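Form deposited in one PDB entry, single chain, as structure tokens, below.
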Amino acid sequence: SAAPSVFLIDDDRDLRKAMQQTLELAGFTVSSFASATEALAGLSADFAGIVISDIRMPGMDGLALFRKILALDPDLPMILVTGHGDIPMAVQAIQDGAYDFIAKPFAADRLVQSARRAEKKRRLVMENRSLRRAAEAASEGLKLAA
């Protein structure tokens, strides 16, 4: 089915671009944004992809965005791109539900591996949800029938 999906957020257009190309060259369909609120407006518990964001941003930072996403769906994985100094915070965020972090300057291969792992997680989640809905629907039809 559809190629793996990513909502990518970064105030820095040059880094946003380099990361977006890395992901697209890895087979992902990417929607990128300069701001978190804009990305957020397109997100819901039905989103089949993952979110990748710089942890620091003017306005809504990466952890503020993470908390909005956690509220939307704890199983929608979020990856934090972080400078060395903010790693401890990113590790704390992971303890709180964030999915993973990538250190800057970003290594293209690490970015791809982290995104692929997160996307497999989201895919399993959506498939699980789908199978459960199918089991319920079937069960409901039969229930009525008999």
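When you see a residue number, it is the position in the sequence shown, counting from 1. Take the two forms, superpose them, and find the largest set of C-alpha atoms that agree within 1.5 Å; that set is the rigid core.
Heads up, the form deposited in another entry isn't pictured, but that's what we're talking about next.
Comparing the two forms between the shown form and the other one on the rigid core, the single residue of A48, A34, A64, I87 with a CA shift of 2 Å or greater is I87. Once both forms are fitted on their rigid core, the CA atom of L25 lies less than 2 Å apart between the shown form and the other one. A change of 3 Å or more separates the two forms for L80 and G85: their C-alpha atoms lie closer together in that other deposited form. With a change of no less than 3 Å, the CA-CA distance between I87 and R116 is larger in that other deposited form than in the form shown.
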